[PDB]
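Alright, here's a single protein chain in two forms, structure 1 and structure 2, each given by itself as structure tokens.
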Structure 1
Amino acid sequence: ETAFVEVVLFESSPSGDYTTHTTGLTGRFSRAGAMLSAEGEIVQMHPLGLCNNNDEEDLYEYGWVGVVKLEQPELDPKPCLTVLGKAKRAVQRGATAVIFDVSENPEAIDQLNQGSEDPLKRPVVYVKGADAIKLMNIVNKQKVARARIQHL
């Protein structure tokens, strides 16, 4: 269930034309969400960022792409939410898609793909390895980025 993720960096000229620069990386569609395409402003979310009362920290314009770097499970012994709970919360808060970095928490994959409940109406994608590192590099370095999730 392969997901192609394009990260778009854009710059405006005085004239008014946009210059873009795009890089590709790959992940997988999870059963937590629909297997649909999605595009939107990248927003990195801290693990605690999708928790109770913190959720209403700020408001984003509808249609953002949540990006979450999961920590090793010992570093999070008391999760406020399950990974599914986090995805659901993000979608409720206007996410058009959610991307999880599961390199430090591969087990999370199983939590995403094995849920008893109705899959979300929006795509939930996970990445790992060089792709996750690439995505995180972009997230860290860049001020603004648009994500395009393609296929299946």
Structure 2
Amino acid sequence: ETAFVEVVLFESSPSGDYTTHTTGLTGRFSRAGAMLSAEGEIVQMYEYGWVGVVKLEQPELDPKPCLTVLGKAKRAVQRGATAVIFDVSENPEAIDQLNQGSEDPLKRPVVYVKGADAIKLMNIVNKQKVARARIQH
């Protein structure tokens, strides 16, 4: 169940000597996707190997949306996403909705985050360009 998420900044010194910085957050796996660990370069919402980070907004703003959260999940997997992380803060409904795709469940894991862990995540993304996530269990 619990999905451990490491976010990893990387940064070089003029020397060549580099330094890497890492941040632990925790969210859950959606039964909508696999129970695998995974990793790639983060992307907020190609070539393969990337991690969608998707902030869900209130559905009041999006009464009937383009794609449902699942659709967005699956859409991501088919653009190469090695995994997908929704921030479900603004809409706790997505959890309930995410977890209705156990029948035809994606082959890449599908994690949501909320509250204090969601806010850590978002702060790192927005402040820095490069960034790779690991997602474990």
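One-based numbering along structure 1's sequence throughout. Just so we're on the same page, rigid core means the largest C-alpha set that superposes within 1.5 Å between forms.
> Superposed on the rigid core, does the Cα of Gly115 end up 2 angstroms or more away between the two structures?
For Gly115, whose C-alpha is compared between the two structures after core superposition, the shift is 2 Å or more.
> Is there a C-alpha shift of 2 Å or more at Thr20 between the two structures once the rigid core is superposed?
No, its C-alpha moves less than 2 Å.
> Rigid core superposed, I'd like the Cα shift of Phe29 between the two structures in Å.
Its C-alpha shift, to one decimal, is 0.3 Å.
> Once the core is aligned, what is the C-alpha displacement of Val144 between the two structures? Give it in Å to one decimal.
Value for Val144 between the two structures: 1.0 Å of C-alpha shift.
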